[PDB]
$ cat my_file_23.txt   # compact mmCIF, C-alpha atoms and all ligand atoms
# COMPACT_ATOMS: atom_id res chain seq x y z
CA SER A 1 40.19 3.91 28.40
CA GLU A 2 40.03 1.68 25.33
CA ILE A 3 37.12 -0.69 24.62
CA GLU A 4 37.54 -4.45 24.26
CA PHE A 5 37.21 -5.14 20.52
CA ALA A 6 35.03 -7.90 19.04
CA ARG A 7 36.18 -10.37 16.35
CA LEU A 8 35.81 -9.70 12.63
CA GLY B 1 34.38 23.99 23.57
CA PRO B 2 34.01 20.34 22.44
CA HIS B 3 36.62 17.70 23.28
CA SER B 4 37.42 14.22 22.01
CA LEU B 5 38.90 10.91 23.07
CA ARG B 6 40.39 8.82 20.26
CA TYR B 7 42.30 5.56 20.06
CA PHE B 8 44.26 4.74 16.91
CA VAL B 9 44.82 0.99 16.74
CA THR B 10 47.06 -0.86 14.29
CA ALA B 11 47.78 -4.57 13.83
CA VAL B 12 50.30 -5.57 11.13
CA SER B 13 51.24 -9.14 10.20
CA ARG B 14 54.74 -10.12 9.11
CA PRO B 15 54.94 -13.77 7.94
CA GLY B 16 58.23 -15.43 8.77
CA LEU B 17 59.19 -12.75 11.28
CA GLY B 18 57.04 -13.71 14.25
CA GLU B 19 53.75 -12.42 15.63
CA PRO B 20 51.94 -9.32 14.24
CA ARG B 21 52.98 -5.93 15.60
CA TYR B 22 50.15 -4.40 17.62
CA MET B 23 49.94 -0.73 18.56
CA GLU B 24 47.47 1.48 20.38
CA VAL B 25 47.81 5.25 20.60
CA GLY B 26 45.33 7.39 22.49
CA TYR B 27 44.62 11.11 22.20
CA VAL B 28 42.53 13.59 24.14
CA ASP B 29 41.89 16.30 21.52
CA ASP B 30 45.22 16.82 19.73
CA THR B 31 47.32 15.56 22.66
CA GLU B 32 48.89 12.07 22.75
CA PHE B 33 48.30 10.73 26.26
CA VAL B 34 48.73 6.92 26.26
CA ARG B 35 50.48 4.26 24.18
CA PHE B 36 50.99 0.51 23.81
CA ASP B 37 53.51 -1.08 21.44
CA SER B 38 53.85 -4.88 21.32
CA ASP B 39 57.37 -4.55 19.92
CA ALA B 40 58.66 -2.76 23.02
CA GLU B 41 61.13 -4.73 25.18
CA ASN B 42 58.38 -5.33 27.74
CA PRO B 43 55.01 -4.19 26.29
CA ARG B 44 53.01 -2.14 28.80
CA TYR B 45 50.43 0.64 28.50
CA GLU B 46 52.39 3.84 29.11
CA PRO B 47 51.46 7.46 29.89
CA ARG B 48 52.44 9.96 27.17
CA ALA B 49 51.28 13.13 28.91
CA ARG B 50 52.42 14.32 32.34
CA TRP B 51 48.94 14.55 33.84
CA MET B 52 48.45 10.81 33.40
CA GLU B 53 50.64 10.36 36.49
CA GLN B 54 47.35 10.96 38.30
CA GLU B 55 46.16 7.45 37.47
CA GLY B 56 47.08 4.77 40.01
CA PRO B 57 48.86 1.45 39.28
CA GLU B 58 45.54 -0.39 38.90
CA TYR B 59 44.80 1.69 35.78
CA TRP B 60 48.08 0.81 34.09
CA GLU B 61 47.76 -2.87 34.95
CA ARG B 62 44.19 -3.03 33.65
CA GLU B 63 44.94 -1.14 30.44
CA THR B 64 48.03 -3.27 29.86
CA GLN B 65 46.03 -6.49 30.25
CA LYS B 66 43.28 -5.13 28.03
CA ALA B 67 45.85 -4.23 25.37
CA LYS B 68 47.43 -7.68 25.40
CA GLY B 69 43.97 -9.20 25.07
CA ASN B 70 43.20 -6.97 22.10
CA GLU B 71 46.57 -7.86 20.58
CA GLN B 72 45.94 -11.61 20.69
CA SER B 73 42.40 -11.11 19.40
CA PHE B 74 43.66 -9.06 16.44
CA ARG B 75 46.00 -11.91 15.58
CA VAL B 76 42.82 -13.93 15.05
CA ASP B 77 41.25 -11.14 12.97
CA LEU B 78 44.23 -11.03 10.61
CA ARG B 79 43.87 -14.78 10.02
CA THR B 80 40.10 -14.49 9.63
CA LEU B 81 40.43 -11.85 6.90
CA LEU B 82 42.85 -14.06 4.95
CA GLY B 83 39.93 -16.46 4.67
CA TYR B 84 37.34 -13.81 3.79
CA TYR B 85 39.55 -12.45 1.00
CA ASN B 86 41.17 -15.78 0.04
CA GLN B 87 44.68 -14.38 0.40
CA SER B 88 48.07 -16.06 0.75
CA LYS B 89 49.45 -16.72 4.21
CA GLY B 90 52.79 -15.21 3.26
CA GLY B 91 51.90 -11.57 2.73
CA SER B 92 51.88 -8.67 5.20
CA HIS B 93 48.46 -7.13 5.92
CA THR B 94 47.12 -4.28 8.06
CA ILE B 95 44.07 -3.75 10.25
CA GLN B 96 43.38 -0.21 11.49
CA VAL B 97 40.77 1.02 13.93
CA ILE B 98 39.73 4.48 15.09
CA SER B 99 37.55 4.40 18.17
CA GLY B 100 36.28 7.14 20.44
CA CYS B 101 33.76 9.73 21.53
CA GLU B 102 33.28 13.49 21.43
CA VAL B 103 31.61 15.69 24.06
CA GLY B 104 30.44 19.28 24.16
CA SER B 105 31.48 22.03 26.59
CA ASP B 106 28.91 20.70 29.06
CA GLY B 107 30.41 17.21 29.00
CA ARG B 108 27.53 15.57 27.14
CA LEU B 109 27.99 13.19 24.20
CA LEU B 110 28.14 14.86 20.78
CA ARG B 111 29.03 11.70 18.89
CA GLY B 112 30.72 8.33 19.00
CA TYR B 113 32.56 6.35 16.37
CA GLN B 114 34.36 3.12 15.51
CA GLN B 115 35.75 2.49 12.07
CA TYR B 116 37.90 -0.31 10.67
CA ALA B 117 40.07 -0.53 7.58
CA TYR B 118 41.93 -3.49 6.07
CA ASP B 119 45.07 -2.77 4.04
CA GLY B 120 44.22 0.92 3.92
CA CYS B 121 40.63 0.63 2.73
CA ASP B 122 37.33 1.13 4.53
CA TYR B 123 36.11 -2.14 5.99
CA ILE B 124 33.27 -1.57 8.45
CA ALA B 125 32.05 1.38 10.48
CA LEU B 126 29.44 2.17 13.10
CA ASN B 127 26.87 4.62 11.73
CA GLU B 128 26.17 7.94 13.46
CA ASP B 129 23.04 6.41 15.00
CA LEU B 130 25.28 4.05 17.01
CA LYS B 131 22.81 1.28 16.15
CA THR B 132 23.84 -0.03 12.73
CA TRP B 133 26.95 -0.72 10.68
CA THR B 134 28.07 0.11 7.16
CA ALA B 135 30.16 -2.53 5.38
CA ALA B 136 32.39 -1.56 2.44
CA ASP B 137 32.49 -5.00 0.81
CA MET B 138 31.20 -8.57 1.07
CA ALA B 139 33.90 -9.57 3.55
CA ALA B 140 32.83 -6.78 5.91
CA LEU B 141 29.22 -7.84 5.32
CA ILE B 142 30.08 -11.15 7.03
CA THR B 143 31.39 -9.28 10.06
CA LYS B 144 28.29 -7.08 10.07
CA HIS B 145 26.03 -10.16 10.21
CA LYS B 146 28.11 -11.67 13.02
CA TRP B 147 27.99 -8.46 15.08
CA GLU B 148 24.25 -8.03 14.57
CA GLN B 149 23.58 -11.54 15.91
CA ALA B 150 25.91 -10.89 18.84
CA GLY B 151 24.34 -7.58 19.84
CA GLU B 152 27.70 -5.91 19.34
CA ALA B 153 26.09 -2.58 18.44
CA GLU B 154 24.44 -2.42 21.86
CA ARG B 155 27.69 -3.20 23.66
CA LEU B 156 29.59 -0.58 21.69
CA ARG B 157 26.83 1.94 22.30
CA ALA B 158 27.02 1.35 26.06
CA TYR B 159 30.77 1.93 25.85
CA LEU B 160 30.53 5.11 23.77
CA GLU B 161 27.74 6.73 25.80
CA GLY B 162 29.07 5.61 29.16
CA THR B 163 32.64 4.45 29.68
CA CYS B 164 34.09 6.58 26.87
CA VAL B 165 32.34 9.79 27.91
CA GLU B 166 33.09 9.24 31.59
CA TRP B 167 36.82 8.72 31.16
CA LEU B 168 37.10 11.64 28.72
CA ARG B 169 35.49 13.92 31.34
CA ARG B 170 37.93 12.61 33.92
CA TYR B 171 40.96 13.07 31.64
CA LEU B 172 39.93 16.67 30.90
CA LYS B 173 39.55 17.27 34.62
CA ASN B 174 42.92 15.78 35.61
CA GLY B 175 44.88 17.31 32.73
CA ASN B 176 42.97 20.59 32.67
CA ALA B 177 46.13 22.74 32.92
CA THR B 178 47.40 21.18 29.69
CA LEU B 179 44.21 20.28 27.81
CA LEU B 180 42.24 23.49 28.41
CA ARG B 181 45.11 25.86 27.74
CA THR B 182 45.49 28.06 24.70
CA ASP B 183 48.93 28.88 23.27
CA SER B 184 48.76 31.87 20.92
CA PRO B 185 50.37 31.57 17.47
CA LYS B 186 53.51 33.60 16.74
CA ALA B 187 53.73 34.53 13.08
CA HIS B 188 56.31 35.80 10.63
CA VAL B 189 56.70 36.01 6.86
CA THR B 190 59.69 34.83 4.82
CA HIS B 191 60.70 35.97 1.34
CA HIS B 192 62.25 33.92 -1.48
CA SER B 193 63.16 35.09 -4.98
CA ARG B 194 61.92 33.18 -8.02
CA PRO B 195 62.91 33.43 -11.67
CA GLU B 196 60.80 35.76 -13.84
CA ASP B 197 60.61 38.60 -11.33
CA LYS B 198 58.31 36.62 -9.04
CA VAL B 199 58.59 36.14 -5.29
CA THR B 200 57.44 33.45 -2.88
CA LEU B 201 55.92 34.83 0.32
CA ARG B 202 55.55 32.34 3.15
CA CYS B 203 53.52 32.98 6.28
CA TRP B 204 54.46 30.92 9.33
CA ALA B 205 52.35 30.30 12.44
CA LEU B 206 54.28 28.78 15.37
CA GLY B 207 53.82 27.59 18.96
CA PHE B 208 50.04 27.34 19.08
CA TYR B 209 47.53 25.00 20.72
CA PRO B 210 45.00 23.63 20.02
CA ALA B 211 45.85 22.50 16.48
CA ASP B 212 42.90 24.11 14.66
CA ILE B 213 43.90 27.32 12.94
CA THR B 214 43.25 29.32 9.79
CA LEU B 215 45.96 30.90 7.63
CA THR B 216 45.02 32.96 4.59
CA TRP B 217 46.69 35.34 2.15
CA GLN B 218 44.87 38.47 0.99
CA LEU B 219 45.07 40.99 -1.84
CA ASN B 220 42.72 43.97 -1.79
CA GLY B 221 40.55 42.32 0.86
CA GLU B 222 40.30 39.23 -1.32
CA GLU B 223 41.34 35.76 -0.15
CA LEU B 224 43.73 33.97 -2.50
CA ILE B 225 42.87 30.52 -1.13
CA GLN B 226 43.23 29.33 -4.74
CA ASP B 227 46.87 30.04 -5.66
CA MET B 228 47.97 29.39 -2.09
CA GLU B 229 50.32 26.55 -1.14
CA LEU B 230 50.55 25.08 2.36
CA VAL B 231 51.20 22.14 4.68
CA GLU B 232 48.83 20.27 6.97
CA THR B 233 49.08 21.58 10.52
CA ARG B 234 51.81 19.63 12.26
CA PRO B 235 53.14 18.83 15.78
CA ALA B 236 56.35 20.59 16.79
CA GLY B 237 57.66 18.08 19.32
CA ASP B 238 56.62 19.82 22.54
CA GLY B 239 52.83 19.56 22.49
CA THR B 240 52.31 22.56 20.20
CA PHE B 241 51.73 22.84 16.46
CA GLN B 242 52.85 24.92 13.48
CA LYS B 243 51.78 25.60 9.91
CA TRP B 244 52.70 27.70 6.88
CA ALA B 245 50.92 29.01 3.79
CA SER B 246 52.61 30.62 0.80
CA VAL B 247 51.67 32.55 -2.32
CA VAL B 248 53.65 33.60 -5.40
CA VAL B 249 53.48 37.35 -6.04
CA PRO B 250 55.04 39.76 -8.57
CA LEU B 251 58.35 41.25 -7.48
CA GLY B 252 57.93 44.81 -6.22
CA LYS B 253 54.30 44.28 -5.20
CA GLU B 254 54.86 42.39 -1.93
CA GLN B 255 53.40 45.13 0.29
CA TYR B 256 49.92 44.54 -1.17
CA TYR B 257 49.72 41.04 0.29
CA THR B 258 48.76 40.35 3.88
CA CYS B 259 48.78 37.14 5.88
CA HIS B 260 45.87 36.53 8.23
CA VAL B 261 45.97 34.22 11.24
CA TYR B 262 42.85 33.13 13.14
CA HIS B 263 43.12 31.02 16.28
CA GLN B 264 41.38 30.47 19.63
CA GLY B 265 44.39 32.14 21.23
CA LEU B 266 44.08 35.34 19.17
CA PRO B 267 41.30 37.62 20.50
CA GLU B 268 42.08 39.63 17.37
CA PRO B 269 43.29 37.79 14.27
CA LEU B 270 46.85 38.58 13.21
CA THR B 271 47.60 40.51 10.04
CA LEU B 272 51.15 40.49 8.68
CA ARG B 273 52.95 41.62 5.55
CA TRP B 274 56.56 41.28 4.44
CA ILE C 1 47.09 0.66 -1.22
CA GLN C 2 50.65 2.01 -1.35
CA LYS C 3 51.43 5.66 -0.69
CA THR C 4 54.80 7.40 -0.70
CA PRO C 5 55.61 9.17 2.57
CA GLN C 6 55.78 12.95 2.59
CA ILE C 7 58.83 14.08 4.58
CA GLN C 8 58.87 17.44 6.37
CA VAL C 9 61.81 18.68 8.48
CA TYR C 10 61.56 21.71 10.77
CA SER C 11 62.45 23.22 14.14
CA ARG C 12 60.11 24.28 16.96
CA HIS C 13 61.53 27.83 17.15
CA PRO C 14 63.11 30.00 14.46
CA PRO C 15 66.75 28.83 14.47
CA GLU C 16 69.20 30.84 16.57
CA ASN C 17 72.77 29.58 16.81
CA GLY C 18 73.63 28.64 20.38
CA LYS C 19 70.01 28.49 21.54
CA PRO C 20 68.32 25.18 22.47
CA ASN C 21 65.60 24.17 20.03
CA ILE C 22 63.80 21.06 18.79
CA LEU C 23 64.24 19.48 15.36
CA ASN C 24 61.31 17.60 13.85
CA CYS C 25 60.86 15.10 11.03
CA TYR C 26 57.17 14.59 10.29
CA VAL C 27 56.61 11.61 7.99
CA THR C 28 53.12 11.53 6.56
CA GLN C 29 50.65 10.05 4.10
CA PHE C 30 52.28 6.63 3.79
CA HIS C 31 51.01 3.05 3.54
CA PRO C 32 51.86 0.28 4.43
CA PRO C 33 52.92 1.15 8.02
CA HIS C 34 56.36 -0.50 7.94
CA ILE C 35 58.88 2.32 7.73
CA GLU C 36 62.35 3.33 8.91
CA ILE C 37 63.02 6.87 10.08
CA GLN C 38 66.38 8.26 11.14
CA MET C 39 67.52 11.77 12.03
CA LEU C 40 71.10 12.77 11.17
CA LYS C 41 73.56 15.41 12.34
CA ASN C 42 76.40 16.06 9.88
CA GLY C 43 75.73 12.70 8.24
CA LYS C 44 75.83 10.89 11.57
CA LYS C 45 72.78 9.24 13.12
CA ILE C 46 71.35 11.06 16.15
CA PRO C 47 70.90 8.70 19.14
CA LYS C 48 68.31 10.57 21.23
CA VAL C 49 65.31 10.51 18.87
CA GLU C 50 61.76 10.29 20.20
CA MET C 51 58.98 8.85 18.04
CA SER C 52 55.52 10.30 18.71
CA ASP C 53 52.19 11.55 17.38
CA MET C 54 51.43 8.45 15.36
CA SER C 55 48.01 8.55 13.73
CA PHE C 56 46.12 8.08 10.46
CA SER C 57 44.07 10.45 8.34
CA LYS C 58 40.59 9.97 6.87
CA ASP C 59 42.04 7.90 4.03
CA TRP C 60 43.90 5.67 6.53
CA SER C 61 47.41 6.77 5.53
CA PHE C 62 49.89 6.82 8.42
CA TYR C 63 51.43 9.86 10.13
CA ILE C 64 54.29 9.89 12.65
CA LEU C 65 56.73 12.34 14.22
CA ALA C 66 60.40 11.92 15.02
CA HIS C 67 61.94 14.70 17.08
CA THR C 68 65.01 15.50 19.10
CA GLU C 69 66.53 18.31 21.12
CA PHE C 70 69.35 20.24 19.45
CA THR C 71 71.31 23.47 19.56
CA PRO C 72 71.89 24.79 16.04
CA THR C 73 75.23 26.24 15.03
CA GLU C 74 76.20 27.96 11.80
CA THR C 75 77.99 24.90 10.39
CA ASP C 76 75.92 21.90 11.55
CA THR C 77 73.58 20.33 9.00
CA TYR C 78 70.65 18.07 9.81
CA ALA C 79 68.59 15.66 7.77
CA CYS C 80 65.92 12.99 8.01
CA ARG C 81 66.34 9.73 6.11
CA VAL C 82 63.37 7.47 5.41
CA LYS C 83 63.15 3.93 4.01
CA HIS C 84 59.73 2.75 2.83
CA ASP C 85 58.48 0.02 0.45
CA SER C 86 57.10 2.69 -1.90
CA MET C 87 60.66 3.87 -2.54
CA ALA C 88 63.51 2.08 -4.30
CA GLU C 89 66.16 4.02 -2.39
CA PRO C 90 66.11 5.56 1.10
CA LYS C 91 65.02 9.19 0.93
CA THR C 92 66.95 11.89 2.78
CA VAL C 93 65.47 15.35 3.34
CA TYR C 94 67.72 18.14 4.60
CA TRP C 95 66.70 20.79 7.08
CA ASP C 96 66.35 24.18 5.40
CA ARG C 97 66.59 26.81 8.14
CA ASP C 98 65.78 29.67 5.74
CA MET C 99 62.38 28.35 4.63
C1 LIG D 1 43.04 23.25 36.68
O1 LIG D 1 42.31 22.64 37.75
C2 LIG D 1 42.82 23.01 39.05
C3 LIG D 1 42.04 22.21 40.09
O2 LIG D 1 41.81 20.87 39.61
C4 LIG D 1 42.90 20.03 39.88
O3 LIG D 1 42.77 19.38 41.16
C5 LIG D 1 41.98 18.16 41.19
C6 LIG D 1 40.53 18.53 40.90
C7 LIG D 1 42.56 17.10 40.24
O4 LIG D 1 41.52 16.51 39.47
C8 LIG D 1 43.61 17.70 39.32
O5 LIG D 1 43.89 16.81 38.26
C9 LIG D 1 43.08 19.02 38.75
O6 LIG D 1 43.99 19.52 37.78
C10 LIG D 1 42.69 24.53 39.25
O7 LIG D 1 43.23 24.90 40.51
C11 LIG D 1 43.44 25.26 38.13
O8 LIG D 1 43.25 26.67 38.26
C12 LIG D 1 42.93 24.78 36.76
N1 LIG D 1 43.67 25.42 35.69
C13 LIG D 1 45.00 25.35 35.65
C14 LIG D 1 45.70 26.15 34.56
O9 LIG D 1 45.66 24.68 36.44
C1 LIG D 2 41.17 -18.81 -3.83
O1 LIG D 2 42.43 -19.53 -3.92
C2 LIG D 2 43.09 -19.52 -5.22
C3 LIG D 2 43.67 -18.13 -5.46
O2 LIG D 2 42.69 -17.22 -5.94
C4 LIG D 2 42.17 -20.06 -6.34
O3 LIG D 2 42.44 -21.44 -6.55
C5 LIG D 2 40.68 -19.86 -6.01
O4 LIG D 2 39.93 -19.77 -7.21
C6 LIG D 2 40.51 -18.60 -5.19
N1 LIG D 2 39.10 -18.29 -5.04
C7 LIG D 2 38.31 -19.06 -4.29
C8 LIG D 2 36.99 -18.47 -3.84
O5 LIG D 2 38.62 -20.20 -3.95
$ encode --input "my_file_23.txt" --output "structure tokens"
Amino acid sequence: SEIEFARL
Amino acid sequence: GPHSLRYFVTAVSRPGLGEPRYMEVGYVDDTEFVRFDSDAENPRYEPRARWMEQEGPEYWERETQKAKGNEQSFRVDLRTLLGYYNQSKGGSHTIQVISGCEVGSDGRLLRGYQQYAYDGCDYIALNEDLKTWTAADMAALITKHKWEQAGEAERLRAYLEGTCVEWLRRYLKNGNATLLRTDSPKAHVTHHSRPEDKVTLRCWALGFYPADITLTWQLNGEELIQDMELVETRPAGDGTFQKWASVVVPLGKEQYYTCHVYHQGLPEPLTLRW
Amino acid sequence: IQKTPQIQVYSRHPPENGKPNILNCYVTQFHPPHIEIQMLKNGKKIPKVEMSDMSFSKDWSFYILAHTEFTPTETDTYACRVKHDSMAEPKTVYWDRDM
């Protein structure tokens, strides 16, 4: 399962 | 042998045409197994490999919600980068991400990764140590500083060493009949005349899996990797791959050239001639 | 970064008239991602086309596969037509079963 991405 | 879990993520803005298109495509080794496309009639995370039917409805609901969350968050990223790069609000831009982990035959972590690109160029990437980042420009340096202060590296590392590895092991277990199989290449050589008494010999390798394979042309036990033309290995529409490599030889001397095929499915490499 | 898509057209099995097969149009090495891909039978658009295997290479260029089931005959011709910002006019590549 995919990870929750953080903001750039 | 080793196996991998990879997610290819893409967010593309389109000023004047609505919200950015957001897509997620997941692969276990060379096999597409899940997908999310915000442009679909009703965007949902969907299985792309038969063995994913083994996951209950909770999985699909959770992955779908996670994807929608990532989508909205990437909408923010696209706007943020316009500020970092001082770009117009009317142009189309692209954010790409490759995220995943790789394990050995024993199921232990071999390596993890997470790399971003903006408009086709390196932006930021997690280093092999899974502790620090490498920024390609000053814009990415801003992100790097933000992530360092947020402890993002630690969070990502917990995901790569835990969650990522654990699900990959589970996917390999559930789809073992598909993922651990080996389809042996079937090869043949084609002949094409060329002006100046020259001939094009093309060696084809079909129906194999996994995708890794070696195709070479030989002359007197010598590899002609130099004057050899070929295509990147490619999917054939049914979960298998194909490839071809050609060489230009003098007419009448075709029987001196041999094609060699090496693959996990060939206990003995193949050797063909026209 | 703008890259012209490479267009490759091929079948899963060596073509045999009357025998079910799969026709593929692999569009690769392009950027930006916006692109239009259509498969054609005798100049007419094929309706049952599946898009799959989307990914990017080390240099971030996009890759994607369009494929469909088909039964080749001696007279039927197939092609793949692609429209991309890197090209002024749509590009059509014809299937060469003798390659
Ligand atoms: C594949 O594994 C088979 C047993 O594992 C299956 O049953 C459960 C453990 C569940 O996780 C399923 O998803 C697994 O696939 C075994 O009988 C087969 O011999 C193995 N190989 C093939 C080709 O099926
Ligand atoms: C940003 O906006 C415009 C376009 O380049 C210009 O007025 C200005 O100099 C640019 N650069 C910065 C940092 O403002």
$ residues_near_point --input "my_file_23.txt" --point "(35.4, -9.7, 15.4)" --cutoff "7 Å" --atoms "all atoms listed in the file" --output "ChimeraX atom specification"
/A:6-8 /B:77,143
$ write_last_selection --input "my_file_23.txt" --atoms "C-alpha atoms" --output "PDB file, keeping the file's coordinate frame"
ATOM      1  CA  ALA A   6      35.030  -7.900  19.040  1.00  0.00           C
ATOM      2  CA  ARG A   7      36.180 -10.370  16.350  1.00  0.00           C
ATOM      3  CA  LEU A   8      35.810  -9.700  12.630  1.00  0.00           C
TER       4      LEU A   8
ATOM      5  CA  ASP B  77      41.250 -11.140  12.970  1.00  0.00           C
ATOM      6  CA  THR B 143      31.390  -9.280  10.060  1.00  0.00           C
TER       7      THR B 143
END
$ residues_near_ligand --input "my_file_23.txt" --ligand "ligand LIG 2 (chain D)" --cutoff "9 Å" --atoms "all atoms listed in the file" --output "number ranges by chain"
B: 83-88
$ atom_distance --input "my_file_23.txt" --atom1 "CA of residue 64 (chain B)" --atom2 "CA of residue 43 (chain B)"
7.9 Å
$ residues_near_ligand --input "my_file_23.txt" --ligand "ligand LIG 1 (chain D)" --cutoff "7 Å" --atoms "all atoms listed in the file" --output "list in words"
residues 54, 173, 174, 175, 176, 177 and 181 of chain B
$ closest_residue --input "my_file_23.txt" --among "C:22, C:7, C:79, C:93" --to "chain B" --atoms "all atoms listed in the file"
C:22
$ atom_distance --input "my_file_23.txt" --atom1 "CA of residue 48 (chain B)" --atom2 "CA of residue 61 (chain B)"
15.7 Å
$ atom_distance --input "my_file_23.txt" --atom1 "CA of residue 219 (chain B)" --atom2 "CA of residue 97 (chain C)"
27.6 Å
$ interface_residues --input "my_file_23.txt" --of "chain C" --to "chain B" --cutoff "12 Å" --atoms "only C-alpha atoms" --output "MDAnalysis selection string"
chainID C and resid 1:3 6:14 21:34 49:70 85 97:99
$ residues_near_point --input "my_file_23.txt" --point "(42.3, 3.8, 29.0)" --cutoff "8 Å" --atoms "all atoms listed in the file" --output "JSON, numbers by chain"
{"A": [1, 2], "B": [34, 59, 63, 167]}
$ write_last_selection --input "my_file_23.txt" --atoms "C-alpha atoms" --output "compact mmCIF listing (two decimals), in the coordinates of the input"
# COMPACT_ATOMS: atom_id res chain seq x y z
CA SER A 1 40.19 3.91 28.40
CA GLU A 2 40.03 1.68 25.33
CA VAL B 34 48.73 6.92 26.26
CA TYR B 59 44.80 1.69 35.78
CA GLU B 63 44.94 -1.14 30.44
CA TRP B 167 36.82 8.72 31.16
$ interface_residues --input "my_file_23.txt" --of "chain B" --to "chain A" --cutoff "8 Å" --atoms "all atoms listed in the file" --output "PDB file with C-alpha atoms, keeping the file's coordinate frame"
ATOM      1  CA  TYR B   7      42.300   5.560  20.060  1.00  0.00           C
ATOM      2  CA  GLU B  63      44.940  -1.140  30.440  1.00  0.00           C
ATOM      3  CA  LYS B  66      43.280  -5.130  28.030  1.00  0.00           C
ATOM      4  CA  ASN B  70      43.200  -6.970  22.100  1.00  0.00           C
ATOM      5  CA  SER B  73      42.400 -11.110  19.400  1.00  0.00           C
ATOM      6  CA  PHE B  74      43.660  -9.060  16.440  1.00  0.00           C
ATOM      7  CA  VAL B  76      42.820 -13.930  15.050  1.00  0.00           C
ATOM      8  CA  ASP B  77      41.250 -11.140  12.970  1.00  0.00           C
ATOM      9  CA  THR B  80      40.100 -14.490   9.630  1.00  0.00           C
ATOM     10  CA  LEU B  81      40.430 -11.850   6.900  1.00  0.00           C
ATOM     11  CA  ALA B 140      32.830  -6.780   5.910  1.00  0.00           C
ATOM     12  CA  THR B 143      31.390  -9.280  10.060  1.00  0.00           C
ATOM     13  CA  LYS B 146      28.110 -11.670  13.020  1.00  0.00           C
ATOM     14  CA  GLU B 152      27.700  -5.910  19.340  1.00  0.00           C
ATOM     15  CA  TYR B 159      30.770   1.930  25.850  1.00  0.00           C
ATOM     16  CA  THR B 163      32.640   4.450  29.680  1.00  0.00           C
ATOM     17  CA  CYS B 164      34.090   6.580  26.870  1.00  0.00           C
ATOM     18  CA  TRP B 167      36.820   8.720  31.160  1.00  0.00           C
TER      19      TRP B 167
END
$ residues_around --input "my_file_23.txt" --residues "residue 268 (chain B)" --least-positions-apart "5" --cutoff "12 Å" --atoms "all atoms listed in the file" --output "ChimeraX atom specification"
/B:184-185,260-263
$ residues_around --input "my_file_23.txt" --residues "residue 71 (chain C)" --least-positions-apart "2" --cutoff "6 Å" --atoms "only C-alpha atoms" --output "MDAnalysis selection string"
chainID C and resid 18:21
$ axis_aligned_box --input "my_file_23.txt" --around "region 89-94 of chain C" --padding-each-side "4 Å" --output "lines of an AutoDock Vina configuration file"
center_x = 66.4
center_y = 11.1
center_z = 1.1
size_x = 10.7
size_y = 22.1
size_z = 15.0
$ build_atoms --input "my_file_23.txt" --residues "region 36-47 of chain C" --atoms "N, CA and C atoms" --output "mmCIF file, in the frame of the given file"
data_model
loop_
_atom_site.group_PDB
_atom_site.id
_atom_site.type_symbol
_atom_site.label_atom_id
_atom_site.label_comp_id
_atom_site.auth_asym_id
_atom_site.auth_seq_id
_atom_site.Cartn_x
_atom_site.Cartn_y
_atom_site.Cartn_z
ATOM 1 N N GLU C 36 61.147 3.084 8.125
ATOM 2 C CA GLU C 36 62.350 3.330 8.910
ATOM 3 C C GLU C 36 62.650 4.821 8.827
ATOM 4 N N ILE C 37 62.773 5.445 9.992
ATOM 5 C CA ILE C 37 63.020 6.870 10.080
ATOM 6 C C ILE C 37 64.234 7.150 10.954
ATOM 7 N N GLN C 38 65.159 7.943 10.427
ATOM 8 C CA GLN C 38 66.380 8.260 11.140
ATOM 9 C C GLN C 38 66.714 9.739 10.986
ATOM 10 N N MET C 39 67.147 10.368 12.071
ATOM 11 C CA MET C 39 67.520 11.770 12.030
ATOM 12 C C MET C 39 69.048 11.808 12.053
ATOM 13 N N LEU C 40 69.645 12.702 11.271
ATOM 14 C CA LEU C 40 71.100 12.770 11.170
ATOM 15 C C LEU C 40 71.703 14.149 11.382
ATOM 16 N N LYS C 41 72.831 14.175 12.081
ATOM 17 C CA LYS C 41 73.560 15.410 12.340
ATOM 18 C C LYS C 41 74.894 15.250 11.611
ATOM 19 N N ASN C 42 75.157 16.124 10.646
ATOM 20 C CA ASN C 42 76.400 16.060 9.880
ATOM 21 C C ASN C 42 76.656 14.655 9.335
ATOM 22 N N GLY C 43 75.605 14.033 8.808
ATOM 23 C CA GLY C 43 75.730 12.700 8.240
ATOM 24 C C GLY C 43 75.800 11.571 9.240
ATOM 25 N N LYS C 44 75.767 11.905 10.525
ATOM 26 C CA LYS C 44 75.830 10.890 11.570
ATOM 27 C C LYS C 44 74.487 10.755 12.283
ATOM 28 N N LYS C 45 74.047 9.516 12.470
ATOM 29 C CA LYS C 45 72.780 9.240 13.120
ATOM 30 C C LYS C 45 72.686 9.804 14.540
ATOM 31 N N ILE C 46 71.578 10.486 14.831
ATOM 32 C CA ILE C 46 71.350 11.060 16.150
ATOM 33 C C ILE C 46 70.777 9.953 17.047
ATOM 34 N N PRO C 47 71.374 9.743 18.228
ATOM 35 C CA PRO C 47 70.900 8.700 19.140
ATOM 36 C C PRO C 47 69.615 8.992 19.925
#
